[PDB]
């Protein structure tokens, strides 16, 4: 059904010690597959499906553009610094571009850029023009709308980006379509007259999950605290959900976990030890 492609890119002045200044990270359905860095200077695989099913020509081809982009984005640091009237310091440039496809056909085509954590330029596919947010984005706006860069980006987001994403999904249909059980553990702590109940899901795939605390059948999201969905090293996901309650009402509270891997929502009551 829905398949998303995203290319996260970062250009840094202060990496700082023993770290690469230029990093290009790729994503397929919210999962890391490709990576590029200023020290290695080569595009390397991160998943099994992209390493085997993709040709050697693809790796040498992506590296050619990758090395070229690194040299272009190197001068881009200085271009902004001279425009903003900056001598130096900690400054970073961010890039976010990709496509979202639904049942084959594309539904989204974005190209966004930011400087020092603030929106700089954003491409509009409909009007074929680059939107300026900061008054320092007008020279970039006049530069790209002048040549064939606007036409080339529109051709990429509608053809090149769409055609290749269909292949990436076909290559990793088993690794993206898989489902893993989270393994839920419940623990409670006694503080200054307040009982803090914790619900933890360790390793689940895909990323979306619904972990909420229930009191006497009714869902309580008013007092419940959540740290969102955090990723793991292997490729799976983790989540942290807590709730503050009065001591003695441990039987009334139940943690419900809703996931694609489970056919029915898993209930987890807090049974203590007291030993």
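Numbering follows the first chain given and starts at 1.
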| item | value |
| --- | --- |
| Higher-scoring stretch by recorded Cα B factor average, 159-167 or 184-192 | 184-192 |
| Entry-level comparison of average CA B-factors, 248-256 and 5-13, reporting the higher stretch | 248-256 |
| Criterion, highest CA B-factor; candidates, 69, 242, 56, 37 | 242 |
| Selection from 65, 52, 224, 28 [criterion: highest C-alpha temperature factor in the record] | 224 |
| Among modelled residues of the same chain, the CA temperature factor third for residue 209 | middle |
| Among modelled residues of the same chain, the CA temperature factor third for residue 88 | middle |
| For residue 127, the third of its chain into which the C-alpha B factor falls | highest |
| Residue 106 - Cα temperature factor, lowest/middle/highest third of chain | lowest |
| Chain thirds of CA B-factor: placement of residue 78 | lowest |
